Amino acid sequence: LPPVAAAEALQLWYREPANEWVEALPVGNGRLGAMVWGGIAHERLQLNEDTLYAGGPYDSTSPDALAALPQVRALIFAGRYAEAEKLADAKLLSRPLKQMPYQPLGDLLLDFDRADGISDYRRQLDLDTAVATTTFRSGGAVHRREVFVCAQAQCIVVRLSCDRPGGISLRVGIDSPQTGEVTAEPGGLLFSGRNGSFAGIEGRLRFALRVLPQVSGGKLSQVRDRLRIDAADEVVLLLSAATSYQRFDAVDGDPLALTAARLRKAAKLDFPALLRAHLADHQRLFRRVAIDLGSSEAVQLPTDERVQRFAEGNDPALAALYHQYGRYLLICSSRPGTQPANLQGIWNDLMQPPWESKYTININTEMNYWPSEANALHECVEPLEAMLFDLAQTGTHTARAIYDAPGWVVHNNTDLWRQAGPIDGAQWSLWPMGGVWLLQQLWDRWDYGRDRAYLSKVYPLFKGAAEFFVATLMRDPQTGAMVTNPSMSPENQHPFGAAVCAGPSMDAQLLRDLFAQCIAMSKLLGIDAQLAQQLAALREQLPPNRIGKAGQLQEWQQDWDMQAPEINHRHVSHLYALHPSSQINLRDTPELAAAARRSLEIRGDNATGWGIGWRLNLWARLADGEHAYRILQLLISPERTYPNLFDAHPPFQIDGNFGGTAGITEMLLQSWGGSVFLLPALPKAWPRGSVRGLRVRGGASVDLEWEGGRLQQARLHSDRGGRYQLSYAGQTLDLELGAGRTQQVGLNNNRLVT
């Protein structure tokens, strides 16, 4: 488990305390999170538990939906999309119109009674240790505060230290926008309460937050709702949190007992022993991947200045830091047994956050988990798998209540209560492909891990999704294909006064992949030979990929792209086949790839943080390193990245962080088809470097080293053996490896050889 870079190269640091939330630094263990401001005399730690949402179990299905569905479908086939959207909002959409928001737990307040003559201030976050440290000089003493969240102890650990005796004096309190009661003793604090209502859905959750002090020296007392510590030698605060949430339909947990159990269990330990356990668990996952894109003197600059000055072309390491920040954030927001990374990971200080900070699944949640497999963090996918089994249940209800159809269906959003209906507005959400796109991540887990028992476990999910579309696909009267109706291209207006339509190109691409996967699983598992044969015939009937009058790949069945209202729409939904899919690629479909390149050129480069991140991956797939680097400059910029390196929609949306990590990876290594492509989109700004521990499909890992803009060496390690193909700059090399063996590759007189 060797380190993956120099200690300096993986730290975010600043010369001043934070003035805004988007300057505070995040720590987390997958389910318990904290934002650290680094205050000197008055410090605030803003906390989250990843099951604290408003409301309770509910059913937003509209009882009017199934009745009005045939008329919406007939209006769309008649080309009266504005009337169909109006009718859909009236009768089809969910009631209530909104889903439930992710909400903050509270803030830990640390108020020291003196801070005289401050010098040499530094607050930092070390990605290798997941510790937020604040340090300064006061008088003759060095004062230090360290915060981290351990997945083993399931506690936030806060240590207040000073290199002179009797220098820790403060009070400790809890502040929260949630209702409840705080009880305070010398022995510690407890904050117990219930969540609130939202959109008429009453709050049925209970929560508990506990604060336990461990004081060496001084006096420990209690005043009002706060702990008081006078002239102590060292203080360690341990914090645990939980809710009563058990399932989307079950809220009978005991957060009071669970938090107390974790505290007394963890209180039996010593801080060096606490630290060794946290470092071991965190570093077993973080140190799996090492990346080096170059080093400069700019590594000495504080992180905020690096973001402001990255456009100077003199700080290659900031791209590598951004890459590892996404791997870090996925580790800290999505561990096995926790909730999936929502729109903000787990970090949120707003009771009514933007778009409820839930799971928007017409691009954003998918982008969150894009970097998982290639960056050796497939265990972080477990929450998505668990959520998808939940959506199999609720989505079955939705499929039968809205469409009177078998199988299961999900639209463009879901929350902690796993609702699967369309919400907000038909022009954004009347889109039945949410489950299909989320399932693409599970297919990658099969294709990367090749665990046959896993495929057996996840196949019923793919079957049920296929069954829904077998029953819902319709013959299109203008084109003659089997299409979806009602649907939409997220989230674009077509040239005829609405967004709803029949068989948008994204639906055809998603179902082409879904049906191919169901057929391949039927052969690999020896079941459902029939239905797989009919999925093949139904697959041929889907709307085909088409090239329009401007040489562009068509977003809709009809050649509408050049007369669409917003030519630079942030969504590029019809380019899904070029990325994240490889259905369209430069090798196997050169014409359609050139048409997708033309469509991407017509859309333009600038958009939201996630829109920029999607364009980064697309240009990486097109093997254009210089354009991909130009997109990366737009992503890592004062317009789209906060001083704490958070991605900006704006405001903060964690999707762009994960998409940027995946796009940087895609520029250096790609794995699709039967091949592995080496440095397909390497930009001139990265002439030398290395990457180690990347994963490819077929159960293998790759290490890469390059110099002068040219490949120097690569190592392919196969776990169980198999045949592979390496491709570099148009040259291919067919290999065969045994289980647990390594094949080194290199360049000899400009030829790719072993």
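Residue numbers run from 1 along the displayed sequence.
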Stretch exceeding the other in mean C-alpha B-factor - 309 to 317, 658 to 666
309 to 317
Got a sec? Mean C-alpha B-factor, which is higher, 96 to 104 or 528 to 536?
528 to 536
Highest Cα B-factor in the PDB entry belongs to which of 652, 437, 496, 325?
496
Note to self: of 599, 154, 365, 348, the C-alpha temperature factor tops out at 154
Going by the entry, which third of its chain does the Cα temperature factor of residue 206 land in?
middle
What third of its chain, lowest, middle or highest, does the C-alpha temperature factor of residue 273 fall into?
highest
Going by the recorded CA B-factors, say which third of the chain residue 54 sits in, lowest, middle or highest.
middle
C-alpha B factor of residue 454, ranked within the chain: lowest, middle or highest third?
highest
Give the position of residue 32 by CA B-factor within its chain, expressed as the lowest, middle or highest third.
middle
